[PDB]
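Let me begin by presenting the structure, written as structure tokens, before commenting on it.
Please treat every number below as a calculation from the coordinates, not as lab data. Here the Cβ positions follow ideal geometry from the backbone for every residue, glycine too, while neighbour counts run over all protein chains shown.
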DNA sequence: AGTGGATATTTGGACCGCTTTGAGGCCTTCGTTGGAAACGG
DNA sequence: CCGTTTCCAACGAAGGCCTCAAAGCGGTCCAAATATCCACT
């Protein structure tokens with residue numbers, strides 16, 4: 001009779017991704033540490049998105065706010081845009097939804 | 001030791017061309033500055049070499 | 001035999017530094033005095049290039065005081081050790 | 001046609017710099033369908049896939 | 001292998017992202033705001049990049065500190081700089 | 001064409017050198033007024049390093065300010081961008097916010113004085 | 001022989017480009033027989049003709 | 001004994017992407033004080049590191065020991 | 001969007017050979033050290 | 001004739017590789033919740 005809370009079930013994906021990217025054997029005592037760092041990072045991300053949306057003048061969060069945040073983080077630049085990172089790190093099912101593409105008589109989706 | 005005199009008179013090879021007050025002041029100041037640097041660095045070099053050879057001789061003597 | 005370019009670059013950065021510090025206090029006639037400064041600096045570089053000197057050897061200038069202090073300490077230690085050994 | 005010509009004329013340097021005429025829709029289509037490939041160092045240069053090799 | 005030590009995953013799990021978990025987290029944290037259609041995908045991408053940075057930093061810290069197995073202090077010292085670099 | 005471009009480049013370089021000398025004098029004044037009452041002495045290499053690094057960091061500050069201004073569709077920079085630029089650590093964030101409160105009460109004083117002058 | 005090699009290479013490149021374009025265009029080719037013949041003749045080899 | 005307005009004005013204008021973007025008066029006032037706070041913070045960090053050593057003077061080493069984290073904060 | 005029904009998911013149960021860590025041996029090869037010898041006074 | 005710098009002989013540990021034995025459990029098969037989801041209304 002196993003019991004798993006949704007929080008740990010959600011964090012296990014990123015914990016396993018960390019274990020795969022480490023390419024080294026890791027002690028079990030680091031899992032809770034990585035989970036706490038992920039929680040703190042999510043808190044700071046939510047706060048930064050909130051203040052950026054407040055400064056933008058709207059209540060909703062738009063992709064330009066996340067682009068500005070990633071640019072301040074040093075990940076996205078003018079030359080290396082967000083589309084490059086999406087193509088590098090995301091599968092096709094998400095690229096079809098994020099990056100606009102034209103087909104069948106200049107039909108563009110999504111509308112950009 | 002031989003390059004120092006020549007460079008020295010280069011001082012008066014500049015005085016005959018520039019004539020403005022503040023330019024002459026800057027010339028004199030930075031020239032005496034680089035001269036002090038030259039003298040101190042060469043003296044430090046000589047003392048360093050002498051101290052190295054003296055240390056070698058003294059450790060040989062104690063051994 | 002001309003000198004090595006190590007002391008050359010040492011002198012050039014020292015002269016750039018002293019030009020910068022004497023310009024920090026300069027207020028009037030900014031650009032032409034520093035133009036003349038760089039001109040005469042390049043001229044002194046040429047004059048040093050044309051000069052000849054018997055060869056000599058040493059190392060970088062950043063480790064002069066540290067090496068001097070280490071040599072002073074070693075000299076004092078060796079002197080006191082030799083004195084003790086001689087007394088014995 | 002430009003990509004094919006650059007691939008066939010210059011075999012060791014088939015990369016072409018992306019211009020304003022190449023709007024993002026067509027470039028994204030070609031990159032998604034595996035027809036074109038970005039330069040590994042700068043995404044501003046693209047090349048054609050060597051199907052004959 | 002001891003239960004305390006976990007070997008590196010030879011095969012990576014499926015690249016499917018937990019969109020529902022991210023939506024629930026963003027709702028329980030800031031319920032007054034509303035996320036757009038596919039903002040969770042960008043949040044997932046940012047999390048992937050953060051995890052990659054943390055992983056490489058912890059790996060180099062563990063390999064530089066005379067250790068073949070990643071310990072707690074290694075990932076701790078890595079997070080103390082990665083969390084500060086990830087905010088802006 | 002290339003000669004005039006190179007002379008303009010050298011003029012900009014001399015301008016940059018003058019700015020470097022001015023900021024170096026300023027940071028020297030600051031460092032040598034803080035060192036004495038902080039019971040320690042400074043070396044000239046540290047002064048030059050801090051000068052160069054302040055000069056290089058001013059460019060990053062300008063870049064971030066222009067980015068924040070463009071994000072809000074504003075061609076001119078206001079206090080909100082300077083407050084956002086300081087959001088990395090909350091200590092200097094509160095410092096800059098209280099300084100903006102001081103600037104705000106100064107603006108209130110100027111507006112009150114201007115209204116008093118208009119009353120006369 | 002060199003002309004044969006060059007024509008074979010060009011034909012292979014054109015075949016693969018056309019196949020990828022027809023795939024990415026998201027069109028139903030089975031309804032149009034004129035395109036069906038092409039998409040059925042694209043995969044076969046060129047040198048064995 | 002601080003930064004001047006024209007100094008930082010030139011510093012920000014010569015480093016901008018476009019000269020069409022202007023700087024207001026309050027932003028220019030905040031910029032000089034931010035630079036002053038940054039330099040005094042660097043100085044006090046270096047001297048606190050030197051006190052952690054209790055050495056004879058502050059030279060390049062104590063500066064570079066605290067240098068990276070400072071700009072990582074700013 | 002609250003309500004819904006269905007079907008793939010998986011985590012605890014159970015067991016064997018693959019897995020790694022610890023220890024011992026033993027080898028082939030560079031280095032630090034002592035010494036004989038040529039050179040300088 | 002004698003002290004000093006230098007190449008040569010030599011012990012060593014040093015590292016690198018090989019082998020075996022013992023403790024562990026991951027992987028494979030398998031249960032019945034249960035939760036992802038797609039559109040139900």
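Structure values in brief
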item: Residues E:7, A:51, H:8 arranged by fewest to most Cβ contacts within 10 Å; result: E:7, A:51, H:8
item: Three-way shape label, the range A:1-110, alpha-carbon gyration tensor, a/c 1.5; result: prolate
item: Partner chain coverage, peptide A:29-35 - average Cβ within 10 angstrom; result: 5
item: Rounded, prolate or oblate (a/c below 1.5 giving rounded, otherwise prolate when a/b exceeds b/c) for chain F by Cα gyration tensor; result: oblate
item: Global geometry of chain C, whether rounded, prolate or oblate, following the gyration tensor of its Cα atoms and the 1.5 cut on a/c; result: oblate
item: Per-residue average of Cβ from other chains inside 10 Å of B:3-16; result: 2
item: Pairwise Cα inverse-distance average, inverted: Kirkwood Rh of chain B (Å); result: 14.5 Å
item: Ranking of D:32, E:15 by count of other Cβ atoms within 10 Å, fewest first; result: E:15, D:32
item: Average other protein chain Cβ within 10 Å of Cβ, residues A:36-48; result: 5
item: Directionally averaged shadow of the range E:19-86, computed from the convex hull of its alpha-carbon atoms, nm²; result: 5.6 nm²
item: Where only alpha carbons of the protein assembly as shown are counted, the Rg and the Dmax (Å); result: 33.6, 115
item: Relative exposure of A:34, A:86, judged by other C-beta atoms within 10 Å (fewest first); result: A:86, A:34
